[PDB]
Amino acid sequence: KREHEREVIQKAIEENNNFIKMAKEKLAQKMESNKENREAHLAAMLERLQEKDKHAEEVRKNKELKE
Amino acid sequence: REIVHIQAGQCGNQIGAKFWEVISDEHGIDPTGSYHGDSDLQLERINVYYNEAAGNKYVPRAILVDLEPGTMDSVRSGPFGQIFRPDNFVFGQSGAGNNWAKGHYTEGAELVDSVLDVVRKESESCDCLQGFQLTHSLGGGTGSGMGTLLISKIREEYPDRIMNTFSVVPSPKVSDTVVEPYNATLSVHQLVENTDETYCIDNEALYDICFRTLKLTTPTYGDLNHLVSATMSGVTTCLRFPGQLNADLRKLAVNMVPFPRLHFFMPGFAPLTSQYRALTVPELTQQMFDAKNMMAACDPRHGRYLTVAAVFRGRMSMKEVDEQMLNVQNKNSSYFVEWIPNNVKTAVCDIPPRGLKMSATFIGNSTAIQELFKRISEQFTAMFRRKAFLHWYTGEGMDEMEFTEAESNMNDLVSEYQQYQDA
Ligand SMILES: Nc1nc2c(ncn2[C@@H]2O[C@H](COP(=O)(O)OP(=O)(O)O)[C@@H](O)[C@H]2O)c(=O)[nH]1
Ligand SMILES: [Ca+2]
Ligand SMILES: [Mg+2]
């Protein structure tokens, strides 16, 4: 019985630690994945905008090399 | 000689305190621990329950245990609260949340060692310890879970001593939580293995007595405990005063327990009170055997008596007592098993309890006690078949298997009581 008593309380400790661990790792995975997604969204927007600045240069050249 | 008393949890400590109030008054011990009685019969076996300290002070051999302080602060402020040894108060802070697993495996385990230190110090100075009595409920967490843990640890360290409980069985009629049947089934499993004698004090019966018989429309814990304390005074009379019959815990066990697992007793008391009319010996005798006077809600006509102890208190004719005890046995012979001859024993003590000229206490080992276990078993199953409320227990590390095993063992106890009833 004493050995069963010790296994019950270790099982409880083990499950609580495991809950804390899994919640800590899930949160860290979500926050990473969210950071990367947001940054990829912003980087695509900037990249469309840089392509506009590039195209505006081709316009001023077309006009220069027209004359 | 010496008995060590332990009271655990809210219920255990409330009924425990009343027990000490009632017996300290019977022995002439006041709240300071001074003897101011009128009769040498009061002091002759005083050492069974009280240590003697310097100044002719009598101190209960009593240990007070809980996982929360509240009820023990209330004990200390109660009328006799100063009589207890201060070092014998052993309390945690956490509570057990009506959760047997907290009492037995997590919170209780943390505290149990400090309780055993006090048990050992009381035991060490006993001339010849006979054993232990524990007061507790089975429906909560501390008395039920931690109480049965204590019993198991006490047995491991005093394996040749007698273990006796006053165990309060839960009822929906006087109920605190839905999980009581779980806590009681888990506890009964422990009691079946690790006590020698258990007085089944059923809250169902106490309630029905207060309501039906005493006409109390709304019974409180105080009204239930008035019955418990009169019963406890009655069933320990033979331990506490000079006498022939059942004078120590082992001799009572030997007279009462024909098979080791069947050690669950149905107590009774007469007259029932919460009044001036003299009660005759015939009337005490009929009323003490009446279903309505039993503290376990079991119909004794639905089973048979394996053994009975009857204790009469007060000045009365011993001839008349013998005749009436013989009369109930002779007219109701079919309710007493024929294969244990002369299975009813009678004691008479001259000192009556407070406020009565005459009283009788009944202790029955009846196969009808199976009704109590079946009632608990049905309430257990109704929940357990849907695993309802189990997460309270599995969160403390317990598996379902432990619930299945406890239920199976209590169903076996029921089948055994049924076997001897049909024999
Ligand atoms: N007869 C009686 N029953 C009680 C008392 N207090 C609680 N109970 C019962 O005891 C059970 C609850 O356990 P309790 O002792 O409060 O919990 P614990 O402190 O964790 O042991 C329920 O079945 C209640 O009906 C009391 O003073 N007298
Ligand atoms: Ca702790
Ligand atoms: Mg309570």
Side-chain angles (χ1 to χ4, degrees), chain A residues 9 12-13 16, chain B residues 6-19 21 64-75 78 90-115 134-151 165-188 199-211 216 219-232 267 295-297 372 375-376 379-380 392 396-397:
Chain A
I9 188 159
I13 286 166
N16 185 50
Chain B
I6 301 163
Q7 48 190 69
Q10 172 169 38
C11 181
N13 273 283
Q14 273 151 212
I15 71 176
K18 297 289 150 164
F19 169 77
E21 290 167 34
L64 297 91
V65 181
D66 209 338
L67 286 162
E68 69 188 2
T71 320
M72 288 177 42
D73 300 350
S74 282
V75 171
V90 185
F91 58 91
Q93 290 297 309
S94 60
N98 290 296
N99 185 326
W100 193 90
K102 281 178 184 225
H104 202 90
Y105 290 123
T106 59
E107 308 302 328
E110 175 165 23
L111 192 68
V112 72
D113 288 349
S114 64
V115 174
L134 165 71
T135 54
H136 65 152
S137 72
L138 305 194
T142 298
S144 200
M146 190 186 183
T148 56
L149 186 65
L150 276 163
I151 280 162
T165 68
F166 296 83
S167 295
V168 178
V169 168
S171 170
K173 298 178 177 181
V174 192
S175 177
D176 300 336
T177 71
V178 298
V179 293
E180 287 167 353
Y182 286 159
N183 298 328
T185 300
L186 288 165
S187 285
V188 167
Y199 293 101
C200 302
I201 296 181
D202 186 2
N203 269 0
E204 186 106 357
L206 303 178
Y207 185 91
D208 295 334
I209 290 166
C210 293
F211 188 92
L216 306 168
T220 60
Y221 283 127
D223 304 315
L224 308 194
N225 296 346
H226 172 63
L227 296 168
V228 176
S229 80
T231 294
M232 288 185 65
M295 306 290 157
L372 182 162
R375 187 192 79 221
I376 301 302
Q379 295 157 0
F380 176 101
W392 300 124
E396 308 300 308

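Below, all heavy atoms of this structure are taken into account, side chains as well, without hydrogens, waters or symmetry copies. We count ligands from 1, going down the list as the structure has it; atoms in each ligand are counted the same way. Residue numbers start from 1 in every chain, and the chains themselves are labelled A, B, ... in the order their sequence lines are given, proteins ahead of strands.
For the Ca ion (ligand 2), the N/O/S atoms of B/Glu107 include none lying under 3.0 Å. Checking B/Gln10 against the Mg ion (ligand 3), an N/O/S atom falls under the 2.8 Å cut-off.
Taking distance alone, with nitrogen or oxygen atoms compared against 3.5 Å, B/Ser175 stays at or beyond that limit from ligand 1. Geometrically, ligand 1 and B/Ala96 share no nitrogen or oxygen pair separated by less than 3.5 Å. Looking at ligand 1, you won't find any N or O of B/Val228 less than 3.5 Å from one of its N or O atoms. Of the polar atoms of B/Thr142, at least one N or O is found under 3.5 Å from an N or O of ligand 1, judged by distance alone. At under 3.5 Å, not a single nitrogen or oxygen of B/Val168, backbone or side chain, sits near a nitrogen or oxygen of ligand 1. Considering both main-chain and side-chain atoms, B/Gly143 comes within under 3.5 Å of ligand 1 through a nitrogen or oxygen pair. Taking any N or O of B/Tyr221, backbone or side chain, at least one lies under 3.5 Å from an N or O belonging to ligand 1.
Residues B/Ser175 and B/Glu180 bring a donor and an acceptor atom of their side chains to less than 3.5 Å of each other.
When all heavy atoms are compared, the tightest approach of B/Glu107 to B/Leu67 is O-CD2, 3.6 Å. Closest heavy-atom contact between B/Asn183 and B/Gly139: ND2-O, 2.9 Å. When all heavy atoms of B/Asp66 and B/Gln10 are compared, the pair lying nearest together is OD2-N, 3.6 Å. Closest approach of B/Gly92 and B/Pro69 over heavy atoms only: O-CD, 3.6 Å. Scanning all heavy atoms of the two residues, the minimum distance from B/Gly103 to B/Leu149 falls at O-CD2, 4.4 Å. Between B/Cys200 and B/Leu372 the shortest heavy-atom distance is CB-CD1, 4.0 Å.
Short contacts between ligand 1 and B/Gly9, defined as distances under 4.0 Å to a heavy atom of the residue, involve ligand atoms 19 (O), 21 (O). Every atom of ligand 1 with a heavy atom of B/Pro170 under 4.0 Å away is listed here by number and element: 23 (O). Numbered from 1 in the order shown, with element, the atoms of ligand 1 that lie under 4.0 Å from a heavy atom of B/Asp176 read 12 (C), 22 (C), 24 (C).
For B/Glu110, the N/O/S atom at the shortest distance from the Ca ion (ligand 2) is named OE1.
Of the heavy atoms in B/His136, none comes closer than 4.0 Å to ligand 1. Under 4.0 angstrom from ligand 1, the non-hydrogen atoms of B/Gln10 come from both its backbone and its side chain. With a 4.0 Å heavy-atom cut-off, ligand 1 is reached by the side chain of B/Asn203 but not by its N, CA, C or O. Contact annotation for B/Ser137 and ligand 1: only side-chain heavy atoms (C-beta onward) come within less than 4.0 Å of the ligand.
Sparse packing is recorded around CZ of B/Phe211, with 12 or fewer heavy atoms of other residues, nucleotides or ligands lying under 6.0 Å away.
Closest to atom 7 (C) of ligand 1 among all protein heavy atoms lies B/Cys11 CB, 3.7 Å. For atom 22 (C) of ligand 1, the closest non-hydrogen atom of the protein is B/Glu180 OE2, 3.4 Å. At the shortest separation from atom 17 (O) of ligand 1 among protein heavy atoms lies B/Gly140 CA, 3.5 Å.
Taking OG1 from B/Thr148 and NE2 from B/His136, the interatomic distance works out to 8.0 Å, rounded to the nearest 0.5 Å. In this structure, the separation between CG on B/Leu206 and NZ on B/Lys173 is 11.5 Å, given to the nearest 0.5 Å.
Evaluated by nearest non-hydrogen atom to atom 28 (N) of ligand 1, the leading choice among B/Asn98, B/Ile15, B/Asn225, B/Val65 is B/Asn225.
Ring geometry for B/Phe166 against B/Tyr199 counts as parallel: the plane angle stays under 30°, on a 0 to 90° scale with 60° as the upper cut.
Partner of B/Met295 under the side-chain contact (heavy atoms from CB on, under 4.5 Å) criterion, out of B/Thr231, B/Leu224, B/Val168, B/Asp202: B/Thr231 alone.
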#### Entry: Residue pair B/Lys18, B/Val228: steps toward the side-chain contact (heavy atoms from CB on, under 4.5 Å) verdict
CA-CA 9 Å; B/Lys18 297 289 150 164; B/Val228 176; over 6 Å; no

